[PDB]
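Novice: Provided herewith is a single structure, encoded as C-alpha cells, for subsequent inquiry.
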Amino acid sequence: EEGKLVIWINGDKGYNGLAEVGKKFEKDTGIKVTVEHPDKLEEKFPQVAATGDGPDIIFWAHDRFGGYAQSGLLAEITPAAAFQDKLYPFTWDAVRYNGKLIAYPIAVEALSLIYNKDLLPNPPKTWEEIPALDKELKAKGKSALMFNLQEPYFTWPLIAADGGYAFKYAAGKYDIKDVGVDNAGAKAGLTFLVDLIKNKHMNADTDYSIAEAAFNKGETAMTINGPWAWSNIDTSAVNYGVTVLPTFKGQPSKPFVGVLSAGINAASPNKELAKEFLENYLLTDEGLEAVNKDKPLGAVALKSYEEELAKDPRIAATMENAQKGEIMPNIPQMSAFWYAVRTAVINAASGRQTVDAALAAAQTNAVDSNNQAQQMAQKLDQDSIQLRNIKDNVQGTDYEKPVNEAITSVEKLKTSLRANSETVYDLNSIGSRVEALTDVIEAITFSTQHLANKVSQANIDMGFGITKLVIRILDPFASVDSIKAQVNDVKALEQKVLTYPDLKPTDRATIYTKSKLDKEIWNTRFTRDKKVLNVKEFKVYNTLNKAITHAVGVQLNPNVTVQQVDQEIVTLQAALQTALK
Ligand SMILES: OC[C@H]1O[C@H](O[C@H]2[C@H](O)[C@@H](O)[C@@H](O)O[C@@H]2CO)[C@H](O)[C@@H](O)[C@@H]1O
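The entry's author numbering puts the sequence shown at residues 4 to 584.
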C-alpha cells in the first residue's frame, strides 16, 4: 500500500540499520518504513510477484534479479547524472540487463578469509599449507578452519582457483553450453575440500550458524565470510585478520562477487515512493553508516562513503579478494547453476557421491536442466529407485513399514511441486524434507548392515525411529527445525542400539539371522541351476536337492537357535561344494 513500507532483505545484512533509516524517514516525511527479513526470500519472490504481491523493494545479490526480468517481476529504473556520478559505473553495469537497468547498486560483497591472530602469527597463503596446520592444532585443543559447507557460495572460491567456472563469456555472451563445473580444476578444488573434512580438519555438517558460532567462541582457528559477518565478530571478542584467501595450487582463490542490489516490485503503484527512500536517506553517508554500523556491507557503492571506509584494512582486503574473483552473471540460468553446484558439495563432503560423479551431474544440470524443481524430482526418483530396491531385499522385517511409508512419502513430495501445487507442505520445508529422505535411507542402510547380528530390540528401536522420521518428513506441522532435530535423533538412536547384547548362539534366532540362511538357499539354488542342473549327473543333483529341503526345514522351525542356523549354512557351502565334481 501507499502508506506503509515493507522491504525484503536477508537476515544476515544490516536489516537493523534499515529499520533505523525507516525512522529517519517516518519522523521526516509521514511515511513509516518498517523492515522485514523473510526466509527463502529469493525463492518466494518468484511465486508471489506472479500474484502481484511482494515487498516494495527486494534486496539480493544481483545474480537472481536477472531472472526477475525473464518474468517481468522487476521494474525499470532511471536516475540523473549527478547521481549516476555519485556511485561507481561498474555496479550500474551489474544491474543492467538488456539495457533496461533493473535495480539499485547498494554495495559489493566478497568472501574474505578470517583467521585468529592470537593463535596464528601469519595465515597460510596457500591452501595446501592448511592440512599441516590442522594436525598441529589437533594437539593444542583447537581446529583449523570452518565455514558454511552448505551454501556453494563459500566453496566456490576453492573450486574456481584451478579453473572451475560457471559460464564461459565469449565475445559478448555467456555460452550456456559451455559450463565449467565438471572441468579439471573444478575437480581439483572439490577433491581438495573433501579431504579436509575427511581428515577431520573440518566437518561436512558445518552450516552458517555453526561456523559463525565456532570461530567466534574461538574453537576453530579460521573461517570465511562476507563483510555482513564481521558484525557478530566485532560483537564477540576474537582478534582476527581479514586476508586474501589462500592460493590453491599457486593460483588465487576467486570468489563470485555479488552486488547487493535493490530491485522494485513488478505490479507496484508504489514505484514512486520506492526510488525516493533508496537515494536520499539510505544511499548516502547518513544512511549507509546506519546499515554499516550494524552489518558491514564491505565496499559501499557510494563514492563518498566508499572513500571513507576505504582506510579500513578489512575492506581493502575484501577488495583484494573481489578483484581476484569475478562479478557473477545475472542471467536467469544462474539459479539452476547454483543449486546444481549446491548439491555436489553437499553430496561430496558427506559421502553419498564421489567428486567426479557429483560434478558431472552438476554440469549436466547447469547446461540444460534450468528448472529449480525438476532437479529435486530427479533426486527423489533415485531414492524410490533405491527405496523400491531395498524393499524386496529387506521385507517381512522390522523395516518394511518405514520403507513403504518413505516410498509413499517420496511420491507425495514429488507431486507437491508438479501438477499438484496444493502442497499441504510449506515451502521452506521442502528441501529439508527431501534431504531428510537421504537421512532416512542411510539409516535403513546402517540398520540392515550392522544391527542384524543383535537382539531384535536393537532392530525394533531403529524400525520405529525411521518411521518416526518419515512421519515428521510428511507432517505439515513439523517446521524445518522440528525435522532437523528429529533427524539427529535417528542418528542418535544408531549409537544407542549398538550397546545392546549381540545375539547369543543359544538364543532363539532372530529373523535377521534367519535372513542369512535364506540368502544361502537362494545362492545355492541359483548356483545349482547354473552349474549343476543339466551339468553333472543326476545322482548328485538328488543328494544336493535334499540339503536344500533340509536347509529350508531349519528356517521353517521357529525354535531354531543361532547355532543351529550357523552350522546349517556351513552344510550348503560344503554340500554345494560336495556337488562340484
Ligand atoms: O550459495 C548459493 C547462493 O549463493 C549466492 O548467495 C549468497 C548471496 O550472494 C549473499 O547475499 C549472501 O546472502 O550469501 C549467499 C549464500 O550464502 C547467490 O546470490 C544465490 O543465488 C545462490 O543460490
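Every residue, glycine too, gets a C-beta built ideally from N, C-alpha and C.
Just to confirm, are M205 and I117 a CB contact at a threshold of 8 angstroms?
Specialist: Along the sequence shown, one-based indexing puts residue 205 at 202. Along the sequence shown, one-based indexing puts residue 117 at 114. No.
Novice: Quick check on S372: does DSSP put it in helix, strand or coil?
Specialist: Mapped onto the sequence shown, residue 372 falls at position 369. Coil, per DSSP.
Novice: Between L362 and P258, is the Cβ-Cβ spacing less than 8 angstroms?
Specialist: As a position in the sequence shown, residue 362 is number 359, starting the count at 1. As a position in the sequence shown, residue 258 is number 255, starting the count at 1. It is not a contact, given that the beta carbons lie outside the stated cut-off.
Novice: Is it true that the CB of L44 sits closer than 8 angstroms to the CB of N19?
Specialist: Locating residue 19 in the sequence shown gives position 16, counting from the first residue. Locating residue 44 in the sequence shown gives position 41, counting from the first residue. Cβ atoms of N19 and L44: not closer than 8 angstroms.
Novice: Going by beta carbon distance, what residues of the same chain come within less than 8 angstroms of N295, once the five residues before and after it are set aside?
Specialist: Reading the sequence shown from its first residue, position 292 is the one you call residue 295. So the list reads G17, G20, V303, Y308, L312, once near-sequence residues are dropped.
Novice: Helix, strand or coil, according to DSSP, for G266 in the structure here?
Specialist: Counted from its first residue, the sequence shown places residue 266 at position 263. It is coil, neither helix nor strand.
Novice: Secondary structure at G183, three-state DSSP: helix, strand or coil?
Specialist: Residue mapping note: residue 183 aligns to position 180 of the sequence shown, counting from 1. Note: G183 maps to strand in three-state DSSP.
Novice: Along the chain, where does the alpha helix (DSSP H) containing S419 start, and where does it finish?
Specialist: Taking the first residue of the sequence shown as position 1, residue 419 is located at position 416. Segment 403-419, the alpha helix (DSSP H) holding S419.
Novice: Determine the DSSP secondary structure at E329, reduced to helix, strand or coil.
Specialist: For the purposes of this step, residue 329 is taken as the residue at position 326 of the sequence shown. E329 falls in the strand class under three-state DSSP.
Novice: For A461 versus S518, is the C-beta distance shorter than 8 angstroms?
Specialist: Position 458 of the sequence shown, counted from the first residue, corresponds to residue 461. Position 515 of the sequence shown, counted from the first residue, corresponds to residue 518. No, the pair does not count as a contact, with Cβ atoms beyond the cut-off.
Novice: Taking the straight line between their C-alpha atoms, what separation do you get for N219 and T502?
Specialist: In the sequence shown, the residue the question calls residue 219 occupies position 216. In the sequence shown, the residue the question calls residue 502 occupies position 499. Their backbone Cα atoms lie some 36 angstroms apart in a straight line.
Novice: Taking 7 angstroms as the cut-off, is the CB of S264 close to at least one heavy atom of ligand 1?
Specialist: Translated into positions along the sequence shown, residue 264 becomes position 261. For ligand 1, not one heavy atom lies less than 7 angstroms from the Cβ of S264.
Novice: Compute the Euclidean distance between the alpha carbons of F280 and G290, then round it to the nearest angstrom.
Specialist: Residue 280 sits at position 277 when you count from the first residue of the sequence shown. Residue 290 sits at position 287 when you count from the first residue of the sequence shown. Cα to Cα, the separation comes out at about 10 angstroms.
Novice: Any heavy atom of ligand 1 closer than 7 angstroms to the CB of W130?
Specialist: Here residue 130 corresponds to residue number 127 of the sequence shown, with the count starting at 1. Result no, Cβ not under 7 angstroms from ligand 1.
Novice: With a threshold of 7 angstroms on Cβ separation, who are the neighbours of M149 within its own chain once the five nearest residues in sequence on each side are excluded?
Specialist: Position 146 of the sequence shown, counted from the start, is the residue given in the question as residue 149. Within the same chain, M149 has close Cβ partners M205, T209, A214, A217, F218, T223, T226.
Novice: Could you tell me the alpha carbon to alpha carbon distance between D492 and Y402, rounded to whole angstroms?
Specialist: The count along the sequence shown starts at 1 and reaches residue 492 at position 489. The count along the sequence shown starts at 1 and reaches residue 402 at position 399. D492 and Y402: Cα-Cα distance of roughly 17 angstroms.
Novice: In whole angstroms, what is the alpha-carbon distance linking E292 and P230?
Specialist: Looking up residue 292 in the sequence shown gives position 289. Looking up residue 230 in the sequence shown gives position 227. One C-alpha to the other measures close to 14 angstroms.
Novice: Could you check if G33 is buried or exposed, using at least 16 other CB atoms within 10 Å of its CB as the buried criterion?
Specialist: Numbered from its first residue, the sequence shown carries residue 33 at position 30. The residue is exposed, with fewer than 16 neighbouring Cβ atoms inside 10 Å.
Novice: DSSP state of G20, grouped into three classes?
Specialist: Looking up residue 20 in the sequence shown gives position 17. The answer is helix: DSSP assigns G20 an H, G or I state.
Novice: Over the uninterrupted alpha helix (DSSP H) stretch that includes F218, give me the two end residues.
Specialist: Within the sequence shown, the letter at position 215 stands for residue 218. Its alpha helix (DSSP H) spans residues 211-220.
Novice: Quick one: what's got a C-beta closer than 7 angstroms to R355's C-beta in the same chain, skipping five residues either side?
Specialist: Working through the sequence shown from its first residue, we reach residue 355 at position 352. Excluding residues within five positions, the ones whose Cβ falls inside 7 angstroms are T441.
Novice: Would you kindly check if the distance between the Cβ of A582 and the Cβ of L536 is under 8 angstroms?
Specialist: Taking the first residue of the sequence shown as position 1, residue 536 is located at position 533. Taking the first residue of the sequence shown as position 1, residue 582 is located at position 579. Cβ distance not < 8 angstroms, so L536 and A582 don't count as in contact.
Novice: Mind reading off the beta-carbon distance from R67 to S338? Whole number of angstroms is fine, and I expect it under 8 angstroms.
Specialist: Residue numbering aside, residue 67 sits at position 64 when the sequence shown is read from its first letter. Residue numbering aside, residue 338 sits at position 335 when the sequence shown is read from its first letter. With 8 angstroms as the limit, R67 and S338 qualify as a contact, their Cβ atoms being about 6 angstroms apart.
Novice: To the nearest angstrom, how far is the alpha carbon of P255 from that of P299?
Specialist: Position 252 of the sequence shown, counting from 1, holds the residue named residue 255. Position 296 of the sequence shown, counting from 1, holds the residue named residue 299. Each residue's alpha carbon lies about 24 angstroms from the other.
Novice: So does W11 have its beta carbon nearer than 7 angstroms to some heavy atom of ligand 1?
Specialist: As a working note, residue 11 is residue 8 in the sequence shown. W11 Cβ: outside cutoff for every heavy atom of ligand 1.
Novice: If you run the structure through DSSP and keep just helix, strand and coil, what is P49?
Specialist: On the sequence shown, residue 49 is found 46 positions in, with the first residue counted as 1. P49: helix per DSSP, three-state reduction.
Novice: With distance defined between alpha-carbon atoms, name the residue in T574, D31, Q580, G6 nearest to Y284.
Specialist: By one-based count along the sequence shown, residue 284 stands at place 281. When each option's Cα is compared against that of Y284, the closest is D31.
Novice: Would you identify the three-state DSSP class for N273, choosing helix, strand or coil?
Specialist: As a working mapping, residue 273 is identified with position 270 in the sequence shown. Correct three-state label for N273: coil.
Novice: My guess is that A106 and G266 are in contact by the Cβ rule of under 8 angstroms, so how many angstroms apart are they, rounded?
Specialist: By 1-based counting over the sequence shown, the position of residue 106 is 103. By 1-based counting over the sequence shown, the position of residue 266 is 263. Between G266 and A106 the Cβ distance is about 4 angstroms, and since that is below 8 angstroms, they are a contact.
Novice: Given the structure, does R391 come close to ligand 1, in the sense that its CB is under 7 angstroms from one of the ligand's heavy atoms?
Specialist: Along the sequence shown, read from residue 1 onward, the residue named residue 391 stands at position 388. No, Cβ of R391 sits at least 7 angstroms from all heavy atoms of ligand 1.
Novice: What do you reckon, are the CB atoms on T194 and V358 nearer than 8 angstroms?
Specialist: Position 191 of the sequence shown, counting from 1, holds the residue named residue 194. Position 355 of the sequence shown, counting from 1, holds the residue named residue 358. Yes, the pair counts as a contact, with Cβ atoms nearer than the cut-off.
Novice: Pop quiz: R511 and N562 are said to be a contact at Cβ under 8 angstroms. What is the actual Cβ separation, rounded to whole angstroms?
Specialist: Counting from one through the sequence shown, the residue named residue 511 turns up at place 508. Counting from one through the sequence shown, the residue named residue 562 turns up at place 559. Right, their Cβ atoms sit about 7 angstroms apart.
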